[PDB]
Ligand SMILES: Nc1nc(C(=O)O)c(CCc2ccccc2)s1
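Only one chain is included here, represented as structure tokens and corresponding to the form solved without the ligand.
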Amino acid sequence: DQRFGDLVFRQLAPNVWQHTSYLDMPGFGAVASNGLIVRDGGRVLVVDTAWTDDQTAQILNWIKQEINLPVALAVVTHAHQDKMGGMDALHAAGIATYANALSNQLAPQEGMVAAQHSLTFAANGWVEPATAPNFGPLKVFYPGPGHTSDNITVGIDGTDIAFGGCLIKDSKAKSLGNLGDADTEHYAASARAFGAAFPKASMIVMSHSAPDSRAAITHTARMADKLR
């Protein structure tokens, strides 16, 4: 771990880092949320904002210090604050932003600023390529409704890493976290669909646990079986 102001950064693979930010949300403690930073040749790609604009600007500061290449785009994985709370900071920095069309639709009512561009998805869940131009190694997949109706996931080609966002919790988790906007009927199938989309990913990264093996997926799905 690298502490940088109030955030934490951890290298996961040669061109991949996890960003972590915290929100002291009254009645729950200081909640960590993780996203990703990927160097693709001469540019940087970001998955998820931090909770706030200020924290997200700090992610960009860390990138400037440690990588020193332009951030070409960011993709955010649903319309909750931990994933989209820093959209304004990305826009102020001139970064092109992407989210599930449904996330952009939901953003205002969730108190979020929408991304600039909307991703749409084929019936099988893979992103429609025209809507994710220049995504390089980021392979975006909609696994079905789970943690939220709009949750999306991202594999990183050239690595063993797939990012489940808030859909997936680690193999030791006692709960599925914030289910306030969850789809209880479809959660288990959506967790399993994420696993099936990225079958060779041995490192599973997620919002509210440290990186884990694929047991994160099986355990999450087995816990989600109890929601039905």
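Residues that one form lacks are left out of the comparison. Position 1 is the first residue in the sequence shown; the rest follow in order. The term rigid core refers to the maximal set of C-alpha atoms that superpose within 1.5 Å between the two forms.
What comes next is about the form solved in complex with the ligand, which does not appear here.
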**Prompt:** When the ligand is placed as it is in the bound PDB entry, which of 65-73, 176-184, 189-197, 37-45 ends up with heavy atoms within 4.5 Å of it?
**Reply:** 176-184
**Prompt:** Taking the shortest heavy atom distance, is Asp150 within 4.5 Å of the ligand in the bound PDB entry?
**Reply:** no
**in the bound PDB entry, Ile161 touching the ligand (heavy atom, 4.5 Å)** = no
**Item:** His208, heavy atom within 4.5 angstroms of the ligand in the bound PDB entry
**Value:** yes
**Rigid-core superposition between this form and the one not shown, with residue runs of at least 3 whose C-alphas all shift by 2 Å or more** = 25-29
